[PDB]
Amino acid sequence: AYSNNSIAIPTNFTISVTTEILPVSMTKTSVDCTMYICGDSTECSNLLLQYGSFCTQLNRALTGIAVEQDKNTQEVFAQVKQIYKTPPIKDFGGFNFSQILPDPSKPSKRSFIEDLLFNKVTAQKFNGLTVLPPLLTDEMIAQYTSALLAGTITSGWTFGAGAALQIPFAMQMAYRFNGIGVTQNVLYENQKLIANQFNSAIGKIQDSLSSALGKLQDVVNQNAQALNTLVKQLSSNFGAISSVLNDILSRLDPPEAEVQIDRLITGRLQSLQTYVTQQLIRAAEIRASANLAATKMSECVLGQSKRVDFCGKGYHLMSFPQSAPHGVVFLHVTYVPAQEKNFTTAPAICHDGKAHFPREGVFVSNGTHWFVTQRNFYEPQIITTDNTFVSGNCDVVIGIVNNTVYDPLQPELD
Amino acid sequence: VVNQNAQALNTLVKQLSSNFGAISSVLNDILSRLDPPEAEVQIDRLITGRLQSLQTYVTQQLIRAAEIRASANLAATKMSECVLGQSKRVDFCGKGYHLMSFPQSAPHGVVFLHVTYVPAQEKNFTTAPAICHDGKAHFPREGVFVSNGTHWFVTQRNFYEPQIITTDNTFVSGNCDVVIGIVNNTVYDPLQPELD
Amino acid sequence: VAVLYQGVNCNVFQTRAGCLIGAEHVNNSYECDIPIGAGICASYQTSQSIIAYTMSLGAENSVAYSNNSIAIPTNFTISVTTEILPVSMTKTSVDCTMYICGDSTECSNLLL
Ligand SMILES: *[C@@H]1O[C@H](CO)[C@@H](O[C@@H]2O[C@H](CO)[C@@H](O)[C@H](O)[C@H]2NC(C)=O)[C@H](O)[C@H]1NC(C)=O
Ligand SMILES: *[C@@H]1O[C@H](CO)[C@@H](O)[C@H](O)[C@H]1NC(C)=O
Ligand SMILES: *[C@@H]1O[C@H](CO)[C@@H](O)[C@H](O)[C@H]1NC(C)=O
Ligand SMILES: *[C@@H]1O[C@H](CO)[C@@H](O)[C@H](O)[C@H]1NC(C)=O
Ligand SMILES: *[C@@H]1O[C@H](CO)[C@@H](O)[C@H](O)[C@H]1NC(C)=O
Ligand SMILES: *[C@@H]1O[C@H](CO)[C@@H](O)[C@H](O)[C@H]1NC(C)=O
Ligand SMILES: *[C@@H]1O[C@H](CO)[C@@H](O)[C@H](O)[C@H]1NC(C)=O
Ligand SMILES: *[C@@H]1O[C@H](CO)[C@@H](O)[C@H](O)[C@H]1NC(C)=O
Ligand SMILES: *[C@@H]1O[C@H](CO)[C@@H](O)[C@H](O)[C@H]1NC(C)=O
């Protein structure tokens, strides 16, 4: 229902925690050029000398892809070069943080949620398909995620722009409310309710991740499928008589075998060209996912964002990053007002003959009453001379009513 | 970028010298060592090999152009956000707090120069979330209450500046029983001697 | 030099990257300099030689957390920083006739 004289104001609010997943890197692979076309044959190298520039381009291109996974891993999990210790005392005002911070007695340095994500996560070398291992282990990555998680719980946002500064958590959350337009007294009046809502939403997340991940197994699926695709090409002919070079060499002198060897060479070289171009496109797609995740790391975690729907859904408060195989997991802590009530409203108020405009609030009315409240939450205040400012007369305002203003200087006259 | 272009050109030039299975790479030697009806297979092998080289060169240049355009759009957004006005995004106009920025030209590119605002030294202090005067709670307007341990002040959240606590720096919104951490300390009203 | 192998299981130093020949393993860890893989970073320090060590994560510092104490900056600095970005690349054009065919008529006929 839309009207020219009405407004509805939030009265309660709820907190909720939202998950989003993004891939960060992908399996590194290096494919020899000679071995794939030629096994242990000496004559198979000689016919390949004419195309030596193709082997040098194909070996250089997978190296240039190989360094990109190292830059993608090195740009998201490293916004600080200081490892912040984790305090022993665990009282943070009633906000129970026993799930995202890692328990010391655990033998691995993951916490509980990283293990749930680790359990959800799902000879080849003879043909020359080598897999190189990533530069960083999951324990050192988990050391970086533990430093980043500790820095928001200890220093707020002023540790990634400068040297760390301590601050209790009770003022950190009130600093986050004034950034979205809410007075801080709503935090100080209802801390136990939000703390138990935050603990219940963490338990809801533990139940939701345990019941999904459709964007972190596919990137492994594409590489494993494409590798089996290059495997099956070893048994194709291309209009040849056999699929094994030593069988051609064992049965027919080399001059009477060059017509089969060149026909196998062009086909296998063409399949290498296909595999290399497919890896270049997927690597560029990963580069795009990596730069976007690095911006979310430097935007949601450090500082607070003024962009609607950049971190979660709702008015963003905090984030808590986690680490899982080949990808990051963000945990946004949004704020969503709940109950509302319809009310009569007015742009301005005339009293003395001067238009009284509200400072930071909006004028509301209950019929018998006239109050002012903050835009994003209900709290009724009487009209005073410290809550409005005067400007001009009352004839230029289309919608104005009459109501008396109490001067707080009346007892000052007594 | 200059290195990548000079390699991509040099490989095109080097591929001219390979026969790709032929008995010579010089077209005039093909036309002199066979009749064209029998030299068409050597010419077609050179045609297929040079077309494969040109195909790979073109695909490589299409690939590089898309990344260069992505970097140009990123520099455009830094041009309209770092140079003009301030941003409130941290780690997107250089380390720490950013004030203004200064574009400088460079061959195939641009160099930005930020002016960063970084705190340095600090001092330890005993805080309080809120202060109970006479039944009412006094929350600071935008400050945070600090105290050396013998005097209580209020200041901004990023720079030291002691100021005497006053009724014009706090607003009341209830009582003291709903707030844990509140201390007992009186508040000065500067208007009382003005009434005398 | 120090020759490193990838899949070869053998100053021999055996790692998860392969077999490492010609580097003296030490227990003193440093900031990474030359990355090899699996957490191994080599350097040329003390006599000085090609040494092998497990990388050192960031730098340690103590954190101080209280339930009633705050820290307020009292001095500030001004500095400048640089960021380099490429905006364009060299424009090139290649003719489909001259590259494929030098001087010849049937080489143009075959390309119809
Ligand atoms: C705003 O919503 C919260 C959460 O529902 C309310 O908190 C509950 O209040 C009732 C009061 O009887 C308690 O029994 C519950 O335990 C509280 N929390 C839960 C888990 O629901 C709060 O009272 C609501 N406030 C308003 C203004 O209605
Ligand atoms: C936090 O929750 C866990 C799991 O229920 C519990 O074992 C722990 O004691 C709780 N800690 C606090 C501070 O209540
Ligand atoms: C708004 O509240 C008034 C006062 O109770 C009531 O008369 C009216 O029906 C309400 N309007 C809506 C939108 O329900
Ligand atoms: C608001 O709408 C009502 C019903 O159409 C109308 O009578 C009244 O004049 C309107 N007031 C303004 C300020 O437009
Ligand atoms: C406010 O009071 C003036 C003077 O009596 C009157 O002319 C005007 O119509 C009133 N407006 C209302 C009813 O809000
Ligand atoms: C800090 O914690 C200690 C131990 O629980 C407690 O005695 C003290 O009152 C707390 N101080 C504040 C202001 O929270
Ligand atoms: C503060 O003063 C009130 C009233 O005298 C008293 O009841 C309360 O215990 C005092 N609290 C402290 C912290 O001294
Ligand atoms: C290397 O070989 C030795 C002897 O067979 C064996 O004990 C060891 O486990 C092997 N290590 C690896 C990395 O395979
Ligand atoms: C810190 O600030 C004071 C007062 O402005 C000044 O005297 C002192 O030289 C400054 N120190 C530094 C680190 O520049």
# chains A, B, ... in the order shown; residues from 1 in each chain; ligands from 1
>>> select_by_dssp(residues="region 27-71 of chain C", states="strand (DSSP E)", output="ChimeraX atom specification")
/C:34-37,40-45,49-54,60-61,69-71
>>> residues_around(residues="residue 4 (chain C)", least_positions_apart="5", cutoff="9 Å", atoms="only C-alpha atoms", output="list in words")
residues 17, 18, 19, 20, 21, 22 and 36 of chain C
>>> closest_residue(among="A:116, A:257, A:372, A:317", to="residue 348 (chain A)", atoms="only C-alpha atoms")
A:372
>>> interface_residues(of="chain B", to="chain C", cutoff="9 Å", atoms="only C-alpha atoms", output="count of residues only")
57
>>> atom_distance(atom1="CA of residue 228 (chain A)", atom2="CA of residue 128 (chain A)")
13.0 Å
